[PDB]
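**Student:** The structure follows.
Just so it is clear, none of the values below were taken in a lab; they were calculated from the coordinates. Here the Cβ positions follow ideal geometry from the backbone for every residue, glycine too, while neighbour counts run over all protein chains shown.
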Amino acid sequence: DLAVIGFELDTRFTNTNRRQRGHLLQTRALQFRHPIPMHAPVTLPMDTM
Amino acid sequence: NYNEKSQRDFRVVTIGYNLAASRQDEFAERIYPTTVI
């Protein structure tokens with residue numbers, strides 16, 4: 001029974017028309033907020049006079 | 001408001017994202033040199 005019985009082709013469409021979209025590609029943005037704290041003081045006392 | 005310390009009017013800095021990559025990477029280019037057809 002030595003014979004070729006079937007085949008498969010590595011065929012693709014030429015997308016002159018937008019038949020397929022493929023993968024999507026979109027823009028995103030993230031926000032990070034960093035408020036600045038105030039720290040405890042250090043003091044140098046002086047005589048007012 | 002005895003203490004008026006900035007809470008919302010922060011500096012906004014935009015991080016860049018656009019890139020102009022060079023066709024296939026230098027790794028692929030050294031292996032598969034590009035010929036313009």
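**Student:** When segment A:30-49 is examined, which residues are found to be among the hydrophobic types (A, V, I, L, M, F, W, C) and more than 14 Å from chain B (Cβ to nearest Cβ)? Spell out how you get there, then give the answer.
**Tutor:** Let us first name the residues in segment A:30-49 that are among the hydrophobic types (A, V, I, L, M, F, W, C), namely A:30, A:32, A:36, A:38, A:40, A:42, A:44, A:46, A:49.
Answer for segment A:30-49, where residues must be among the hydrophobic types (A, V, I, L, M, F, W, C) and more than 14 Å from chain B (Cβ to nearest Cβ): A:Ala40, A:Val42, A:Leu44, A:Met46, A:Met49.
**Student:** Tally the residues that are away from chain A (no Cβ under 11 Å) and not aromatic (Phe, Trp, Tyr), restricting the search to segment B:10-29.
**Tutor:** First, the residues of segment B:10-29 that are away from chain A (no Cβ under 11 Å): B:16, B:19-29.
Going one step further and asking which of them are not aromatic (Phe, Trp, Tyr), we end up with B:16, B:19-26, B:28-29.
The number of residues fulfilling the criteria is 11.
**Student:** Would you check if there is a residue in segment A:12-29 being surrounded by fewer than 10 Cβ atoms within 10 Å (Cβ to Cβ), more than 14 Å from chain B (Cβ to nearest Cβ) and closer than 25 Å to B:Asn3 by Cβ?
**Tutor:** no
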